[PDB]
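Protein chains in written order, with the entry's author numbering: chain B, 415 to 509; chain A, 415 to 509; chain A', 415 to 509; chain B', 415 to 509. A prime marks a further copy of an entry chain. Cβ coordinates follow ideal geometry from the N, Cα and C atoms, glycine included.
Number of protein chains: 4
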Amino acid sequence: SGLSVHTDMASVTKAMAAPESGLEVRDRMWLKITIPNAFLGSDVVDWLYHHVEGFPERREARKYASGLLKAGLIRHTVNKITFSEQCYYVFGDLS
Amino acid sequence: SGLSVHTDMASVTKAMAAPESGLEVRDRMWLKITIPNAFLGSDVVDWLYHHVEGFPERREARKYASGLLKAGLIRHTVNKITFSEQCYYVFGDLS
Amino acid sequence: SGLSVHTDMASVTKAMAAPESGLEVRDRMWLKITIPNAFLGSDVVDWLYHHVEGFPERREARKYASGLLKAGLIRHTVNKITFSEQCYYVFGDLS
Amino acid sequence: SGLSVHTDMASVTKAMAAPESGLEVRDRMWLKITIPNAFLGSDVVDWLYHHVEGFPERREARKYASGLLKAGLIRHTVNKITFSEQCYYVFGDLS
Numbered sequence: 415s416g417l418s419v420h421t422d423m424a425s426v427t428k429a430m431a432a433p434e435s436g437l438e439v440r441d442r443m444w445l446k447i448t449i450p451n452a453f454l455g456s457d458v459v460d461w462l463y464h465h466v467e468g469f470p471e472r473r474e475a476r477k478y479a480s481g482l483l484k485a486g487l488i489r490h491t492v493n494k495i496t497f498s499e500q501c502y503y504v505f506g507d508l509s
Numbered sequence: 415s416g417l418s419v420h421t422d423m424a425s426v427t428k429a430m431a432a433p434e435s436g437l438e439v440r441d442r443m444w445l446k447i448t449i450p451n452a453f454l455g456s457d458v459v460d461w462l463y464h465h466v467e468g469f470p471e472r473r474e475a476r477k478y479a480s481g482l483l484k485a486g487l488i489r490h491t492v493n494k495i496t497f498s499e500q501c502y503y504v505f506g507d508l509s
Numbered sequence: 415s416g417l418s419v420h421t422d423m424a425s426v427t428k429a430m431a432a433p434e435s436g437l438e439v440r441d442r443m444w445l446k447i448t449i450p451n452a453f454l455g456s457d458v459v460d461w462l463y464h465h466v467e468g469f470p471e472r473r474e475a476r477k478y479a480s481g482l483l484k485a486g487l488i489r490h491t492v493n494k495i496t497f498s499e500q501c502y503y504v505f506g507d508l509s
Numbered sequence: 415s416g417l418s419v420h421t422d423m424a425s426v427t428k429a430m431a432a433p434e435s436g437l438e439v440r441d442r443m444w445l446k447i448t449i450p451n452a453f454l455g456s457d458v459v460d461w462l463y464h465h466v467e468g469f470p471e472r473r474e475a476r477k478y479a480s481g482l483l484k485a486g487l488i489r490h491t492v493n494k495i496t497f498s499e500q501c502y503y504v505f506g507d508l509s
């Protein structure tokens, strides 16, 4: 019992920050952003496979989604060249 | 049915964009960022409750954590005011 | 001087990471996200002041904007409470 | 003068949201994230060009930085394969 409510706050925080303190530490985090009308890449692939005739298997639906990205019909919410099923997308200008 | 691999891409996309198309759309996104030594507010509360003497129940370790936030000993990864156990934090300057 | 294209990469990097190396390091990052139809709080205030009759000075159009935020007519792109003219917003549901 | 402080708030907001309302609208936004010890790709290239002997011009310094990324000695804060001078980075595990 070396720390208590009477120890100065700064010292308790440097204790918590030390290697092997026991504090569960992360090198990743997730942030929520409010964006109207965003969608997952996997959901797009699902929609195509179920509603567009002529895909022999789900693989070809992924290739078609990647085509939509290339053409600017859908857009990455943060700019990467590669289509990925875990990233989020929005529609392009469809006017 | 109405759409195939022969339909033009722009029209397939405008069908996917229409109301009631069945595409899962949401007003939010989740973004993964690499940030070394970040931690959940709930993991700060748990650490305090188990390593610092004099909290009669867990509620009191949450109030202490808020106090660390106010003092700048820990910092929100996106400037907010209220301490929340579901958000991610980093250490402030301790030197 | 001490480092060249013949030095091992890991050692060059540890030198760059040392205190007083001269590398510009900061406690913040800026991230660019594609989000259709977003807008600055200052541009909402300006719009209101110029298009809506009965604001004796600009301060009163800022208070009206806060009122839109409270009602959910506009939304913060990252859930905060306070209206700020330097942040970005989107439209809520209006139907 | 068709809108005023006496018009219902919802209607003023749908006015502001209409095409050609005059409201300045964005398809991009910038978010600030607090991350200890982050740095710009361009700053890294500068540091190398000025402190590591054997670069005939700044171009070769960019190629070397891209090598550090590939080797995991520096890391992207959001995961892309390409090194870019406008993105932000953090150090890898240098233990």
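How would you list, in chain order, the residues of chain A whose beta-carbon sits under 7 Å from the beta-carbon of residue 496 of chain B'? Neighbours of residue 496 of chain B' on chain A: none; closest Cβ ~16 Å, over 7 Å.
For residue 459 of chain A and chain A', any beta-carbon pair shorter than 7 Å? no
Give the range of the alpha helix (DSSP H) segment to which residue 496 of chain B is assigned. Per DSSP, residue 496 of chain B belongs to no alpha helix (DSSP H) and is neither H nor E.
Show which residues of chain A have a CB atom less than 9 Å away from the CB atom of residue 446 of chain B. 442, 443, 444 and 445
Taking the continuous alpha helix (DSSP H) assigned at residue 460 of chain A, which residues delimit it? 455–465
Three-state class that DSSP yields for residue 426 of chain A in the structure shown: helix
Between the stretch 422–442 of chain A' and the stretch 461–481 of chain B', do three or more beta carbon pairs fall short of 8 Å? The stretch 422–442 of chain A' vs the stretch 461–481 of chain B': in contact.
For residue 462 of chain B versus residue 475 of chain B, is the C-beta spacing smaller than 7 Å? Residue 462 of chain B places its beta carbon less than 7 Å from that of residue 475 of chain B.
For residue 439 of chain B' and residue 448 of chain A', I'd like the C-alpha separation in whole angstroms. 12 Å
Would you identify the three-state DSSP class for residue 482 of chain B, choosing helix, strand or coil? helix
What's the call for residue 488 of chain A', buried or exposed, on a 16-neighbour Cβ count within 10 Å? buried
Closer than 9 Å between beta carbons: that is the criterion. Which residues of the stretch 450–480 of chain B meet it against chain A? So the list reads 450, 451, 452, 453, 454, 457, 458, 460, 461, 462, 464, 465, 466, 467, 468, 469, 474 and 478, given in the order they occur along the chain.
Give the straight-line distance between the Cα atoms of residue 503 of chain B and residue 429 of chain B, rounded to the nearest whole angstrom. 42 Å
Does DSSP put residue 475 of chain B in a helix, in a strand, or in coil? helix
Taking only the alpha-carbon atoms, compute the straight-line gap between residue 445 of chain B and residue 444 of chain A and give it to the nearest angstrom. 6 Å
Quick one, which of A:507, A:509, A:499 and A:477 has its alpha-carbon nearest residue 510 of chain A's? Residue 510 of chain A cannot be examined here, being either before or after the span of chain A that is shown, 415 to 509.
Anything in chain B within Cβ reach of residue 419 of chain A', meaning under 7 Å, just list it in chain order. The contacting residues do not exist; residue 419 of chain A' stays about 30 Å from chain B at best.
What residue range is occupied by the uninterrupted beta strand (DSSP E) comprising residue 420 of chain A? No beta strand (DSSP E) contains residue 420 of chain A, which DSSP labels as neither H nor E.
How many Å lie between residue 467 of chain B and residue 451 of chain B' at the Cα? 51 Å
Find out if the Cβ-Cβ distance for the pair residue 492 of chain B, residue 459 of chain B' is shorter than 7 Å. no
Measure from the C-beta of residue 427 of chain B' to each C-beta in chain A and report whether the shortest distance is under 7 Å. no
Return the bridge partner residues of residue 491 of chain B from the DSSP annotation. In DSSP, residue 491 of chain B forms no bridge with anything.
Measure the alpha-carbon distance for residue 465 of chain B versus residue 442 of chain A and round it to whole angstroms. 25 Å
Buried or exposed by the 16-neighbour rule on C-beta atoms within 10 Å, applied to residue 437 of chain A': That one is buried.
Roughly how many angstroms lie between the CA atoms of residue 380 of chain A' and residue 508 of chain B, to the nearest whole one? Given that chain A' is displayed from residue 415 to residue 509, the structure contains no residue 380 of chain A' and the question cannot be resolved.
For residue 431 of chain B', which three-state DSSP category applies? Taken through DSSP and simplified to helix, strand or coil, residue 431 of chain B' comes out as helix.
Taking DSSP's pairing of strands, which residues face residue 504 of chain A' in a bridge? A':489
Taking DSSP as the reference, what is the three-state secondary structure of residue 437 of chain B? coil
Would you please state the rounded distance, in angstroms, between the beta carbons of residue 431 of chain B and residue 505 of chain A? I believe it to be under 8 Å. 5 Å
Do the CB positions of residue 494 of chain A and residue 494 of chain A' come within less than 7 Å of each other? Yes, Cβ-Cβ distance for residue 494 of chain A and residue 494 of chain A' is below 7 Å.
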